[PDB]
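Have a look at the structure below before the remarks.
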Amino acid sequence: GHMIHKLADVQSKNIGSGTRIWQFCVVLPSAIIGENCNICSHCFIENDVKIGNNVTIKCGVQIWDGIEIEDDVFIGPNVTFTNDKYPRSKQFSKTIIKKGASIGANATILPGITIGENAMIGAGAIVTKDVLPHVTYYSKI
Amino acid sequence: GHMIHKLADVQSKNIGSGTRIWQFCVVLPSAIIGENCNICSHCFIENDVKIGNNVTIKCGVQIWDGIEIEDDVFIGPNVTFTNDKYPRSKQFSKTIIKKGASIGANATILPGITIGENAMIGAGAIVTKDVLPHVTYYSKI
Amino acid sequence: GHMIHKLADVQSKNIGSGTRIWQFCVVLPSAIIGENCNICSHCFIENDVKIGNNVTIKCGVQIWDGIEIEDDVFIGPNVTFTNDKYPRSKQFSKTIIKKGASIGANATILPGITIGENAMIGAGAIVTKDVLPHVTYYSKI
Ligand SMILES: CC(=O)SCCNC(=O)CCNC(=O)[C@H](O)C(C)(C)COP(=O)(O)OP(=O)(O)OC[C@H]1O[C@@H](n2cnc3c(N)ncnc32)[C@H](O)[C@@H]1OP(=O)(O)O
Ligand SMILES: CC(=O)SCCNC(=O)CCNC(=O)[C@H](O)C(C)(C)COP(=O)(O)OP(=O)(O)OC[C@H]1O[C@@H](n2cnc3c(N)ncnc32)[C@H](O)[C@@H]1OP(=O)(O)O
Ligand SMILES: CC(=O)SCCNC(=O)CCNC(=O)[C@H](O)C(C)(C)COP(=O)(O)OP(=O)(O)OC[C@H]1O[C@@H](n2cnc3c(N)ncnc32)[C@H](O)[C@@H]1OP(=O)(O)O
Ligand SMILES: Cc1cn([C@H]2C[C@H](O)[C@@H](COP(=O)(O)OP(=O)(O)O)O2)c(=O)[nH]c1=O
Ligand SMILES: Cc1cn([C@H]2C[C@H](O)[C@@H](COP(=O)(O)OP(=O)(O)O)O2)c(=O)[nH]c1=O
Ligand SMILES: Cc1cn([C@H]2C[C@H](O)[C@@H](COP(=O)(O)OP(=O)(O)O)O2)c(=O)[nH]c1=O
């Protein structure tokens, strides 16, 4: 089975064996989450979301409609994803994070992005363009 | 009426019709929130706070004392606001986000800032100076 | 005594007099927190964590295993800490924030960092190298 913390609001039944979902998470009904994932505290996971096996999602991550996380991905704490490039209140793009990629803490991913297999995104990076497989990308400070 | 999720702690009665406040939000007693707002999960809204009508506040946003959000504003997830330029533990400035402006995901807004009507702030930007009406501003990476 | 909000999950008994821990915090059993701290809403505090006296931790902060916060430190909202420089899912470094230092809102601190006494880190900064005592550091935009 899977472990849902009593202080989480998990509405999806589509959750693989060995997955842990921690305190103060929200997971909406259509979310798909694979086996042996760790969804740490304070995450939000929307409906049109697929998360593979052995994925680590650290605290404070929201994964929106139209985002796919492949197997073995690491998402650092407070990583931010997006699906609307020109948002206006009361007015979409797909992101895919490919197998084994790692996204550094508090990075910001623009809409429509592909991050290639085994890529490494630096902490605090802003990713405005696709990142090739196995590439280390970080923003200049 | 307005919708307050059972898993939110909303202490303000000053909430307009059609407003939704989602899981794991905190709203302190003096907050004013207009009609048809969406306050997404994991937000914090302090006392000396005015939020207009048709405002979208995505997940993970804290709005501190001395901050005003006008009508039709979009606040991206994990946008950070501030009200003390030189903070020291155990030792204020006003921000106003003007009508229809949009703040990109995980942007950081310094104290005392005005963001003009219909401005667009890039995801992950650091806003250290006012942004003129209708201007698109983003930080160099 | 100390104040633990009913909507927090605090598992540590090692909490000093006058400390407040607010809604939707998680504090794991071995955490040590001194006197007169303010742990604001939506924080996560792991096991191998020592926090001194008179520390302010604003909303949305996670403090991981191997991180020490000295007395009189200010941590801005959504400040991100790290303890693994090359994270890969299903595969550590110490940080110390020295007495009286202040970390600006939504800053990102890489692993193994020392921030010196009374330093000031700008909002949204990425700290990839130690910051000397009493130095103001911010990232170029
Ligand atoms: C769940 C949700 O999604 S809620 C909605 C949240 N949505 C967002 O936060 C998206 C906000 N939108 C953005 O940041 C957009 O990139 C905008 C509005 C700032 C700019 O878009 P455009 O004006 O089309 O600029 P464009 O994509 O042509 O990029 C122009 C240049 O600016 C750079 N750039 C664009 N956006 C950013 C940014 N946020 N930060 C840094 N650099 C940026 C690009 O890399 C590009 O560089 P180049 O000319 O060297 O190739
Ligand atoms: C709820 C809460 O508010 S909790 C409290 C949280 N408070 C904060 O996070 C605020 C932290 N304070 C800051 O970041 C401040 O801007 C400080 C302390 C880094 C610097 O302030 P000052 O030293 O007065 O610098 P000043 O405002 O003169 O700016 C100097 C230059 O640095 C730039 N700058 C200042 N702060 C930053 C920053 N955080 N990031 C990037 N650039 C910055 C300015 O744009 C300015 O550029 P210019 O010379 O090209 O015009
Ligand atoms: C709870 C948790 O910890 S979950 C795990 C979260 N972990 C993380 O987010 C850590 C992610 N790792 C990083 O960001 C790393 O710095 C990496 C992987 C991007 C790069 O590390 P390395 O390739 O060893 O680069 P290195 O440390 O040699 O730095 C090279 C240069 O890039 C700069 N740099 C490195 N990382 C970053 C970054 N994230 N942002 C901006 N600049 C950076 C350095 O300052 C250095 O500059 P210099 O040559 O001018 O001195
Ligand atoms: C015990 C516990 C863990 N967690 C999350 C955050 C911790 O850093 C993490 C520890 O899991 P960890 O042992 O790191 O397993 P993994 O191999 O998936 O990294 O789980 C919570 O969010 N809340 C809790 O109460
Ligand atoms: C259903 C639900 C939505 N929400 C928030 C986050 C979702 O992205 C958002 C969906 O509202 P949305 O349909 O986007 O309305 P709007 O016109 O205001 O954008 O509401 C929560 O925070 N928790 C929930 O349980
Ligand atoms: C009342 C209240 C405060 N807080 C936190 C966030 C507020 O900005 C902060 C106010 O404490 P504050 O009066 O600023 O005391 P300090 O001297 O420690 O700064 O406490 C919560 O997280 N939840 C609450 O319900």
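Protein chains in written order, with our numbering: chain Z, 1374 to 1514; chain E, 1374 to 1514; chain U, 1374 to 1514. Note that CB positions come from ideal geometry on N, CA and C, so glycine has one too.
Once DSSP output is grouped into helix, strand and coil, what is the label at residue i?
i: U/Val1428; result: coil
i: E/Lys1379; result: coil
i: E/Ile1486; result: coil
i: Z/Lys1471; result: coil
i: E/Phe1417; result: strand
i: Z/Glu1408; result: coil
i: U/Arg1393; result: strand
i: E/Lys1423; result: strand
By Cβ distance, which residues of its chain are closer than 6 Å to residue i, with the 5 residues on each side in sequence left out?
i: Z/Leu1401; result: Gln1384, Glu1419 and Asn1420
i: U/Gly1439; result: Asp1421, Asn1456, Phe1465 and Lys1467
i: E/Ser1390; result: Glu1408
i: Z/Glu1443; result: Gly1425, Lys1471 and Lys1472
i: U/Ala1404; result: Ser1385, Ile1418 and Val1422
i: Z/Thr1481; result: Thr1453 and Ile1499
i: Z/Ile1476; result: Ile1448, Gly1449, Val1452 and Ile1494
i: Z/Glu1441; result: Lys1423 and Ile1469
With which residues is residue i paired in a DSSP beta bridge?
i: U/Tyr1510; result: U/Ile1494
i: E/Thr1481; result: E/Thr1453 and E/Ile1499
i: Z/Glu1443; result: Answer is none; Z/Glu1443 lacks a bridge partner.
i: E/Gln1435; result: E/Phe1417 and E/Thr1453
Please tell me whether residue i has its Cβ less than 8 Å away from any Cβ of chain E.
i: U/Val1446; result: yes
i: U/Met1376; result: no
i: Z/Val1399; result: yes
i: Z/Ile1499; result: yes
Of all Cβ atoms in chain Z, is any one closer than 8 Å to the Cβ of residue i?
i: U/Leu1505; result: no
i: U/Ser1475; result: no
i: E/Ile1514; result: yes
Does residue i get closer than 8 Å to chain U when you measure Cβ to Cβ?
i: Z/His1415; result: yes
i: Z/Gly1449; result: yes
i: Z/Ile1494; result: no
i: Z/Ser1403; result: no
i: Z/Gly1407; result: no
i: E/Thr1481; result: yes
Quick one: what's got a C-beta closer than 7 Å to residue i's C-beta in the same chain, skipping five residues either side?
i: E/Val1504; result: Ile1488, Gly1489, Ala1492, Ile1494 and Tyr1510
Can you give me the Cβ contacts of residue i inside the same chain, cut-off strictly under 8 Å, excluding the 5 residues immediately before and after it?
i: U/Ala1478; result: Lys1431, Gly1449, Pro1450, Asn1451, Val1452, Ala1496 and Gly1497
By the 8 Å beta-carbon criterion, what residues does the stretch 1454-1471 of chain U contribute toward chain E? none
Give me the subset of the stretch 1418-1436 of chain Z whose CB atoms are less than 9 Å from a CB atom of chain A, sorted by chain position. As a matter of chain content, chain A is missing from the structure shown, whose protein chains are Z, E and U.
For the stretch 1378-1392 of chain E, list every residue whose C-beta sits within 9 Å of some C-beta in chain U, in sequence order. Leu1380 and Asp1382
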